[PDB]
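Data block for run_10.pdb (PDB, C-alpha atoms):
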```pdb
MODEL        1
ATOM      1  CA  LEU A  10     113.927  71.674  96.898  1.00  0.00           C
ATOM      2  CA  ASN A  11     110.458  73.204  96.681  1.00  0.00           C
ATOM      3  CA  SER A  12     110.203  76.411  98.712  1.00  0.00           C
ATOM      4  CA  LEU A  13     108.312  74.842 101.661  1.00  0.00           C
ATOM      5  CA  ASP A  14     111.006  72.193 102.259  1.00  0.00           C
ATOM      6  CA  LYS A  15     113.623  74.908 101.889  1.00  0.00           C
ATOM      7  CA  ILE A  16     111.922  77.012 104.564  1.00  0.00           C
ATOM      8  CA  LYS A  17     111.566  73.928 106.781  1.00  0.00           C
ATOM      9  CA  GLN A  18     115.302  73.174 106.314  1.00  0.00           C
ATOM     10  CA  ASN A  19     116.194  76.825 107.076  1.00  0.00           C
ATOM     11  CA  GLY A  20     114.547  76.676 110.568  1.00  0.00           C
ATOM     12  CA  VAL A  21     113.165  80.209 110.215  1.00  0.00           C
ATOM     13  CA  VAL A  22     110.552  81.837 107.978  1.00  0.00           C
ATOM     14  CA  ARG A  23     111.269  85.331 106.565  1.00  0.00           C
ATOM     15  CA  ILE A  24     108.085  87.382 106.559  1.00  0.00           C
ATOM     16  CA  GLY A  25     107.870  90.880 105.168  1.00  0.00           C
ATOM     17  CA  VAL A  26     105.849  93.195 107.414  1.00  0.00           C
ATOM     18  CA  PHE A  27     105.110  96.898 107.873  1.00  0.00           C
ATOM     19  CA  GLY A  28     107.118  98.617 110.604  1.00  0.00           C
ATOM     20  CA  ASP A  29     104.788 101.625 110.581  1.00  0.00           C
ATOM     21  CA  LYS A  30     101.196 100.761 109.714  1.00  0.00           C
ATOM     22  CA  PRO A  31      99.462 100.233 113.057  1.00  0.00           C
ATOM     23  CA  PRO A  32      97.410  98.550 114.021  1.00  0.00           C
ATOM     24  CA  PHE A  33      98.106  95.985 111.302  1.00  0.00           C
ATOM     25  CA  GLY A  34     101.896  95.897 111.317  1.00  0.00           C
ATOM     26  CA  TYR A  35     104.200  98.114 113.342  1.00  0.00           C
ATOM     27  CA  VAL A  36     107.089  98.154 115.802  1.00  0.00           C
ATOM     28  CA  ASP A  37     106.014  99.142 119.305  1.00  0.00           C
ATOM     29  CA  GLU A  38     107.753 101.449 121.813  1.00  0.00           C
ATOM     30  CA  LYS A  39     109.865  98.478 123.051  1.00  0.00           C
ATOM     31  CA  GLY A  40     111.105  97.606 119.531  1.00  0.00           C
ATOM     32  CA  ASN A  41     108.803  94.603 119.130  1.00  0.00           C
ATOM     33  CA  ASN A  42     106.818  93.738 116.037  1.00  0.00           C
ATOM     34  CA  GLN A  43     103.064  93.914 116.727  1.00  0.00           C
ATOM     35  CA  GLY A  44      99.721  94.024 114.932  1.00  0.00           C
ATOM     36  CA  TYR A  45      97.005  91.989 113.201  1.00  0.00           C
ATOM     37  CA  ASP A  46      99.402  90.887 110.424  1.00  0.00           C
ATOM     38  CA  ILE A  47     102.061  89.889 112.966  1.00  0.00           C
ATOM     39  CA  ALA A  48      99.621  87.563 114.726  1.00  0.00           C
ATOM     40  CA  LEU A  49      99.265  85.496 111.543  1.00  0.00           C
ATOM     41  CA  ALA A  50     103.016  85.629 110.917  1.00  0.00           C
ATOM     42  CA  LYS A  51     103.790  84.144 114.346  1.00  0.00           C
ATOM     43  CA  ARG A  52     101.043  81.530 113.868  1.00  0.00           C
ATOM     44  CA  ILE A  53     102.649  80.538 110.536  1.00  0.00           C
ATOM     45  CA  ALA A  54     106.063  80.102 112.294  1.00  0.00           C
ATOM     46  CA  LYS A  55     104.315  78.080 114.990  1.00  0.00           C
ATOM     47  CA  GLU A  56     102.905  75.716 112.363  1.00  0.00           C
ATOM     48  CA  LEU A  57     106.275  75.332 110.579  1.00  0.00           C
ATOM     49  CA  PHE A  58     108.566  75.154 113.616  1.00  0.00           C
ATOM     50  CA  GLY A  59     106.536  74.655 116.820  1.00  0.00           C
ATOM     51  CA  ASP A  60     107.773  78.078 117.902  1.00  0.00           C
ATOM     52  CA  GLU A  61     106.119  81.388 117.061  1.00  0.00           C
ATOM     53  CA  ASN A  62     109.494  83.194 117.424  1.00  0.00           C
ATOM     54  CA  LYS A  63     111.089  81.390 114.433  1.00  0.00           C
ATOM     55  CA  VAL A  64     109.957  84.243 112.226  1.00  0.00           C
ATOM     56  CA  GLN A  65     112.482  86.691 110.996  1.00  0.00           C
ATOM     57  CA  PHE A  66     110.496  89.904 110.472  1.00  0.00           C
ATOM     58  CA  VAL A  67     111.819  91.799 107.464  1.00  0.00           C
ATOM     59  CA  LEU A  68     110.568  95.381 107.323  1.00  0.00           C
ATOM     60  CA  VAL A  69     109.334  96.473 103.968  1.00  0.00           C
ATOM     61  CA  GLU A  70     107.554  99.481 102.482  1.00  0.00           C
ATOM     62  CA  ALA A  71     104.513  99.466 100.250  1.00  0.00           C
ATOM     63  CA  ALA A  72     106.456  99.932  96.970  1.00  0.00           C
ATOM     64  CA  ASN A  73     108.859  96.996  97.529  1.00  0.00           C
ATOM     65  CA  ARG A  74     106.671  94.035  98.634  1.00  0.00           C
ATOM     66  CA  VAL A  75     106.559  92.289  95.241  1.00  0.00           C
ATOM     67  CA  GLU A  76     110.297  92.914  94.675  1.00  0.00           C
ATOM     68  CA  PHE A  77     111.133  91.472  98.106  1.00  0.00           C
ATOM     69  CA  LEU A  78     109.401  88.257  96.948  1.00  0.00           C
ATOM     70  CA  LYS A  79     110.898  88.218  93.407  1.00  0.00           C
ATOM     71  CA  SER A  80     114.366  88.880  94.806  1.00  0.00           C
ATOM     72  CA  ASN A  81     114.100  86.192  97.549  1.00  0.00           C
ATOM     73  CA  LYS A  82     114.516  88.630 100.445  1.00  0.00           C
ATOM     74  CA  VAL A  83     111.368  87.192 102.067  1.00  0.00           C
ATOM     75  CA  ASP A  84     109.451  83.917 102.051  1.00  0.00           C
ATOM     76  CA  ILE A  85     106.033  85.531 102.721  1.00  0.00           C
ATOM     77  CA  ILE A  86     104.680  89.089 102.467  1.00  0.00           C
ATOM     78  CA  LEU A  87     102.285  89.911 105.358  1.00  0.00           C
ATOM     79  CA  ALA A  88     102.685  93.675 104.922  1.00  0.00           C
ATOM     80  CA  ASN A  89      98.934  94.308 104.966  1.00  0.00           C
ATOM     81  CA  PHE A  90      98.893  93.490 101.271  1.00  0.00           C
ATOM     82  CA  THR A  91      95.877  94.045  98.998  1.00  0.00           C
ATOM     83  CA  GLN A  92      95.109  91.457  96.362  1.00  0.00           C
ATOM     84  CA  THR A  93      94.847  92.970  92.885  1.00  0.00           C
ATOM     85  CA  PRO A  94      94.777  91.199  89.495  1.00  0.00           C
ATOM     86  CA  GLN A  95      97.878  93.196  88.579  1.00  0.00           C
ATOM     87  CA  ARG A  96      99.923  92.039  91.588  1.00  0.00           C
ATOM     88  CA  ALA A  97      98.650  88.484  90.984  1.00  0.00           C
ATOM     89  CA  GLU A  98     100.460  88.430  87.607  1.00  0.00           C
ATOM     90  CA  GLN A  99     103.623  88.968  89.712  1.00  0.00           C
ATOM     91  CA  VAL A 100     103.236  87.031  92.979  1.00  0.00           C
ATOM     92  CA  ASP A 101     100.946  84.200  94.144  1.00  0.00           C
ATOM     93  CA  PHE A 102      98.395  85.299  96.756  1.00  0.00           C
ATOM     94  CA  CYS A 103      97.293  82.984  99.557  1.00  0.00           C
ATOM     95  CA  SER A 104      93.832  82.929 101.186  1.00  0.00           C
ATOM     96  CA  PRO A 105      92.544  86.349 102.342  1.00  0.00           C
ATOM     97  CA  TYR A 106      92.308  87.366 106.013  1.00  0.00           C
ATOM     98  CA  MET A 107      90.795  90.853 105.928  1.00  0.00           C
ATOM     99  CA  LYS A 108      88.491  93.107 103.960  1.00  0.00           C
ATOM    100  CA  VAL A 109      89.567  96.510 102.745  1.00  0.00           C
ATOM    101  CA  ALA A 110      88.657  99.500 100.624  1.00  0.00           C
ATOM    102  CA  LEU A 111      90.088 102.987 100.285  1.00  0.00           C
ATOM    103  CA  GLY A 112      89.372 106.234 102.042  1.00  0.00           C
ATOM    104  CA  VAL A 113      90.415 109.868 102.283  1.00  0.00           C
ATOM    105  CA  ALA A 114      91.255 111.554 105.605  1.00  0.00           C
ATOM    106  CA  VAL A 115      91.032 115.341 105.916  1.00  0.00           C
ATOM    107  CA  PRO A 116      91.479 118.105 108.531  1.00  0.00           C
ATOM    108  CA  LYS A 117      88.677 118.587 111.076  1.00  0.00           C
ATOM    109  CA  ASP A 118      87.620 121.807 109.295  1.00  0.00           C
ATOM    110  CA  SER A 119      87.608 120.334 105.762  1.00  0.00           C
ATOM    111  CA  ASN A 120      84.584 120.442 103.448  1.00  0.00           C
ATOM    112  CA  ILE A 121      86.041 117.715 101.209  1.00  0.00           C
ATOM    113  CA  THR A 122      83.480 114.929 100.981  1.00  0.00           C
ATOM    114  CA  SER A 123      84.155 113.647  97.427  1.00  0.00           C
ATOM    115  CA  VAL A 124      86.833 113.106  94.769  1.00  0.00           C
ATOM    116  CA  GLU A 125      85.356 116.049  92.860  1.00  0.00           C
ATOM    117  CA  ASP A 126      86.348 118.194  95.853  1.00  0.00           C
ATOM    118  CA  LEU A 127      90.008 117.108  95.447  1.00  0.00           C
ATOM    119  CA  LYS A 128      90.325 118.694  91.970  1.00  0.00           C
ATOM    120  CA  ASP A 129      92.552 121.643  92.921  1.00  0.00           C
ATOM    121  CA  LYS A 130      93.865 120.088  96.146  1.00  0.00           C
ATOM    122  CA  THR A 131      97.176 118.444  97.089  1.00  0.00           C
ATOM    123  CA  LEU A 132      96.591 114.823  98.061  1.00  0.00           C
ATOM    124  CA  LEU A 133      99.141 112.934 100.166  1.00  0.00           C
ATOM    125  CA  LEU A 134      99.960 109.289  99.435  1.00  0.00           C
ATOM    126  CA  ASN A 135     102.242 106.489 100.584  1.00  0.00           C
ATOM    127  CA  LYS A 136     104.123 105.398  97.410  1.00  0.00           C
ATOM    128  CA  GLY A 137     103.199 101.878  96.187  1.00  0.00           C
ATOM    129  CA  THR A 138      99.866 101.572  97.997  1.00  0.00           C
ATOM    130  CA  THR A 139      96.533 100.886  96.231  1.00  0.00           C
ATOM    131  CA  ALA A 140      95.443 104.513  96.985  1.00  0.00           C
ATOM    132  CA  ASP A 141      98.492 105.675  94.971  1.00  0.00           C
ATOM    133  CA  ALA A 142      97.568 103.427  92.023  1.00  0.00           C
ATOM    134  CA  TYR A 143      93.907 104.440  92.227  1.00  0.00           C
ATOM    135  CA  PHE A 144      94.445 108.230  91.982  1.00  0.00           C
ATOM    136  CA  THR A 145      97.412 108.057  89.654  1.00  0.00           C
ATOM    137  CA  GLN A 146      95.368 106.006  87.147  1.00  0.00           C
ATOM    138  CA  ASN A 147      91.837 107.414  87.559  1.00  0.00           C
ATOM    139  CA  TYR A 148      92.543 111.042  88.584  1.00  0.00           C
ATOM    140  CA  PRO A 149      96.033 111.702  87.106  1.00  0.00           C
ATOM    141  CA  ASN A 150      95.616 115.502  87.234  1.00  0.00           C
ATOM    142  CA  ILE A 151      95.033 115.610  91.012  1.00  0.00           C
ATOM    143  CA  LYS A 152      98.298 116.961  92.488  1.00  0.00           C
ATOM    144  CA  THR A 153      99.969 114.525  94.879  1.00  0.00           C
ATOM    145  CA  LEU A 154     102.904 114.295  97.185  1.00  0.00           C
ATOM    146  CA  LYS A 155     104.059 110.705  97.563  1.00  0.00           C
ATOM    147  CA  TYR A 156     106.206 109.380 100.403  1.00  0.00           C
ATOM    148  CA  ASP A 157     108.170 106.176 100.812  1.00  0.00           C
ATOM    149  CA  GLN A 158     107.001 105.483 104.381  1.00  0.00           C
ATOM    150  CA  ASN A 159     103.705 105.735 106.273  1.00  0.00           C
ATOM    151  CA  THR A 160     105.314 107.734 109.073  1.00  0.00           C
ATOM    152  CA  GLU A 161     106.348 110.370 106.497  1.00  0.00           C
ATOM    153  CA  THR A 162     102.927 110.448 104.815  1.00  0.00           C
ATOM    154  CA  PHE A 163     100.899 111.093 107.985  1.00  0.00           C
ATOM    155  CA  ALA A 164     103.586 113.492 109.219  1.00  0.00           C
ATOM    156  CA  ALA A 165     103.073 115.566 106.062  1.00  0.00           C
ATOM    157  CA  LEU A 166      99.335 115.637 106.745  1.00  0.00           C
ATOM    158  CA  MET A 167      99.895 116.805 110.307  1.00  0.00           C
ATOM    159  CA  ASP A 168     102.419 119.397 108.971  1.00  0.00           C
ATOM    160  CA  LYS A 169      99.727 120.698 106.565  1.00  0.00           C
ATOM    161  CA  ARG A 170     101.794 119.749 103.497  1.00  0.00           C
ATOM    162  CA  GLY A 171      98.573 118.646 101.719  1.00  0.00           C
ATOM    163  CA  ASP A 172      94.776 119.010 102.010  1.00  0.00           C
ATOM    164  CA  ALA A 173      93.940 115.280 102.302  1.00  0.00           C
ATOM    165  CA  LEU A 174      95.537 111.826 102.580  1.00  0.00           C
ATOM    166  CA  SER A 175      94.261 108.691 100.782  1.00  0.00           C
ATOM    167  CA  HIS A 176      94.990 105.154 102.005  1.00  0.00           C
ATOM    168  CA  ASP A 177      93.171 102.012 103.183  1.00  0.00           C
ATOM    169  CA  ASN A 178      90.021 103.183 104.969  1.00  0.00           C
ATOM    170  CA  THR A 179      90.555 100.650 107.759  1.00  0.00           C
ATOM    171  CA  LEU A 180      93.945 102.256 108.458  1.00  0.00           C
ATOM    172  CA  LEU A 181      92.521 105.770 108.226  1.00  0.00           C
ATOM    173  CA  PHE A 182      89.704 104.927 110.702  1.00  0.00           C
ATOM    174  CA  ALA A 183      92.240 103.869 113.337  1.00  0.00           C
ATOM    175  CA  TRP A 184      94.498 106.839 112.615  1.00  0.00           C
ATOM    176  CA  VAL A 185      91.694 109.455 112.741  1.00  0.00           C
ATOM    177  CA  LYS A 186      90.633 107.888 116.059  1.00  0.00           C
ATOM    178  CA  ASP A 187      94.105 108.604 117.550  1.00  0.00           C
ATOM    179  CA  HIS A 188      94.353 111.960 115.703  1.00  0.00           C
ATOM    180  CA  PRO A 189      91.100 113.884 116.302  1.00  0.00           C
ATOM    181  CA  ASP A 190      92.285 117.060 114.504  1.00  0.00           C
ATOM    182  CA  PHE A 191      91.431 114.992 111.402  1.00  0.00           C
ATOM    183  CA  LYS A 192      88.385 113.122 110.085  1.00  0.00           C
ATOM    184  CA  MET A 193      87.175 110.870 107.267  1.00  0.00           C
ATOM    185  CA  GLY A 194      86.254 113.015 104.261  1.00  0.00           C
ATOM    186  CA  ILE A 195      85.454 109.881 102.288  1.00  0.00           C
ATOM    187  CA  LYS A 196      84.866 106.738 104.374  1.00  0.00           C
ATOM    188  CA  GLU A 197      84.828 104.265 101.502  1.00  0.00           C
ATOM    189  CA  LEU A 198      86.313 104.530  98.054  1.00  0.00           C
ATOM    190  CA  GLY A 199      86.906 102.006  95.261  1.00  0.00           C
ATOM    191  CA  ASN A 200      86.372  98.251  95.162  1.00  0.00           C
ATOM    192  CA  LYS A 201      85.526  96.088  98.136  1.00  0.00           C
ATOM    193  CA  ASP A 202      88.958  94.433  98.290  1.00  0.00           C
ATOM    194  CA  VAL A 203      90.835  91.920 100.454  1.00  0.00           C
ATOM    195  CA  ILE A 204      94.164  91.628 102.194  1.00  0.00           C
ATOM    196  CA  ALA A 205      96.034  88.335 101.820  1.00  0.00           C
ATOM    197  CA  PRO A 206      99.501  86.880 102.189  1.00  0.00           C
ATOM    198  CA  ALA A 207     101.638  86.639  99.050  1.00  0.00           C
ATOM    199  CA  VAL A 208     104.339  84.135  98.166  1.00  0.00           C
ATOM    200  CA  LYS A 209     106.779  84.161  95.277  1.00  0.00           C
ATOM    201  CA  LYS A 210     105.207  83.271  91.951  1.00  0.00           C
ATOM    202  CA  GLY A 211     105.460  79.474  91.620  1.00  0.00           C
ATOM    203  CA  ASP A 212     105.793  78.643  95.338  1.00  0.00           C
ATOM    204  CA  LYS A 213     102.788  76.277  95.139  1.00  0.00           C
ATOM    205  CA  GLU A 214     103.819  74.089  98.072  1.00  0.00           C
ATOM    206  CA  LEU A 215     104.185  77.124 100.396  1.00  0.00           C
ATOM    207  CA  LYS A 216     100.927  78.720  99.219  1.00  0.00           C
ATOM    208  CA  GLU A 217      98.922  75.510  99.798  1.00  0.00           C
ATOM    209  CA  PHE A 218     100.540  75.129 103.230  1.00  0.00           C
ATOM    210  CA  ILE A 219      99.332  78.627 104.182  1.00  0.00           C
ATOM    211  CA  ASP A 220      95.907  78.247 102.600  1.00  0.00           C
ATOM    212  CA  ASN A 221      95.340  75.022 104.563  1.00  0.00           C
ATOM    213  CA  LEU A 222      96.514  76.711 107.782  1.00  0.00           C
ATOM    214  CA  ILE A 223      94.137  79.633 107.189  1.00  0.00           C
ATOM    215  CA  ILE A 224      91.256  77.111 106.790  1.00  0.00           C
ATOM    216  CA  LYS A 225      92.229  75.410 110.090  1.00  0.00           C
ATOM    217  CA  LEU A 226      92.582  78.751 111.923  1.00  0.00           C
ATOM    218  CA  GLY A 227      89.169  79.879 110.636  1.00  0.00           C
ATOM    219  CA  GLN A 228      87.617  76.836 112.297  1.00  0.00           C
ATOM    220  CA  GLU A 229      88.968  78.113 115.657  1.00  0.00           C
ATOM    221  CA  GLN A 230      87.891  81.759 115.142  1.00  0.00           C
ATOM    222  CA  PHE A 231      91.589  82.764 115.027  1.00  0.00           C
ATOM    223  CA  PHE A 232      90.959  85.997 113.090  1.00  0.00           C
ATOM    224  CA  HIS A 233      88.111  87.230 115.284  1.00  0.00           C
ATOM    225  CA  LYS A 234      90.300  86.561 118.350  1.00  0.00           C
ATOM    226  CA  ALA A 235      93.182  88.415 116.583  1.00  0.00           C
ATOM    227  CA  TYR A 236      90.752  91.267 115.814  1.00  0.00           C
ATOM    228  CA  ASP A 237      89.963  91.517 119.558  1.00  0.00           C
ATOM    229  CA  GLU A 238      93.589  91.284 120.628  1.00  0.00           C
ATOM    230  CA  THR A 239      95.014  93.701 118.022  1.00  0.00           C
ATOM    231  CA  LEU A 240      92.317  95.815 116.248  1.00  0.00           C
ATOM    232  CA  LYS A 241      89.139  96.317 118.308  1.00  0.00           C
ATOM    233  CA  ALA A 242      90.692  98.859 120.687  1.00  0.00           C
ATOM    234  CA  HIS A 243      91.938 100.906 117.692  1.00  0.00           C
ATOM    235  CA  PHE A 244      88.512 101.303 116.071  1.00  0.00           C
ATOM    236  CA  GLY A 245      85.338 103.041 117.265  1.00  0.00           C
ATOM    237  CA  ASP A 246      82.283 101.097 118.463  1.00  0.00           C
ATOM    238  CA  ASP A 247      80.999 101.858 114.934  1.00  0.00           C
ATOM    239  CA  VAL A 248      82.910  98.974 113.247  1.00  0.00           C
ATOM    240  CA  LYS A 249      81.845  95.292 113.287  1.00  0.00           C
ATOM    241  CA  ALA A 250      84.594  92.649 113.414  1.00  0.00           C
ATOM    242  CA  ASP A 251      82.726  91.081 110.483  1.00  0.00           C
ATOM    243  CA  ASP A 252      83.293  94.242 108.373  1.00  0.00           C
ATOM    244  CA  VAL A 253      87.068  93.700 108.692  1.00  0.00           C
ATOM    245  CA  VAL A 254      87.784  90.022 109.395  1.00  0.00           C
ATOM    246  CA  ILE A 255      87.707  87.101 106.965  1.00  0.00           C
ATOM    247  CA  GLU A 256      87.809  83.610 108.595  1.00  0.00           C
ATOM    248  CA  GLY A 257      89.236  80.810 106.461  1.00  0.00           C
TER     249      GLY A 257
ENDMDL
END
```
As structure tokens:
Amino acid sequence: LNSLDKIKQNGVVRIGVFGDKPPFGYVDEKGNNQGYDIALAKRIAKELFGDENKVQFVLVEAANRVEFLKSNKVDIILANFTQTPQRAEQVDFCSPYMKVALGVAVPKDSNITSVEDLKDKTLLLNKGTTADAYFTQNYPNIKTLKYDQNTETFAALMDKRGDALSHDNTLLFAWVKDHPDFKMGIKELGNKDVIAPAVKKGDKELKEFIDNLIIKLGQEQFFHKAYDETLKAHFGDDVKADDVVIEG
């Protein structure tokens, strides 16, 4: 069986998501999976099974997304996952559904406005994210403290364990909005990237299923609506939906 017919025969779709990167994927105070990524996940289950609750949400951290696909723990990764050429050697990406770049958040009283300013600073990172790869490769001598989970990484910022935190700038906008003792030192770093779902390398039938669905959802402004339901309230009036959302 190709992987799409397998998933159809299973009756559920296993989708890897963040449990702790709001507002994109997280578990709310009631223990329910929520966020922009989760909206697509439930729409994918709806298309497969006529029932948006025939997703099994598998929590996964940034370092283990690819391995969860290689090892068959999940059918799809929707853990707010950035497309890179390097990851594309390893998993097959589906059509993108948001735009992304990197940023650096810093304490209110920080004078760090550039990577030069991080020279003799400790920089906090979630292990396995694109921010991790970016500094590790391009600025290997910048001291870092790397954590497995997002909760841990931001907790170490709030505990003054480092001078700055780098991550997706979209994430860091929402977080600095809920945590006003901190600000954006650098609003936008690196390449103008995209988030997309990923399937196991060679799952062509599944990938095309999802790509086609993303085309059909883009015709009904599904991602803008999802942006309003799940993201708009967590950004300032500064951000356009069009700066974040990709339709189709």
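The interatomic distance for the pair CA of residue 29 in chain A and CA of residue 69 in chain A works out to 9.5 Å.
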Which of these, A:142, A:109, A:124, A:83, has the shortest distance to residue 254 in chain A once you count all atoms listed in the file?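 The shortest atom-to-atom distance to residue 254 in chain A comes from A:109.
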Would you work out the distance separating CA of residue 234 in chain A from CA of residue 28 in chain A, expressed in Å to one decimal?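 Between CA of residue 234 in chain A and CA of residue 28 in chain A the gap is 22.1 Å.
Proximity to residue 71 in chain A was assessed for A:112, A:199, A:59, A:137 counting all atoms listed in the file; the smallest distance is recorded for A:137.
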Got a sec to resolve the PyMOL selection byres ((chain A and resi 24) around 9) on this structure and send the residues as a PyMOL selection string? chain A and resi 22-23+25-26+50+64-68+82-88
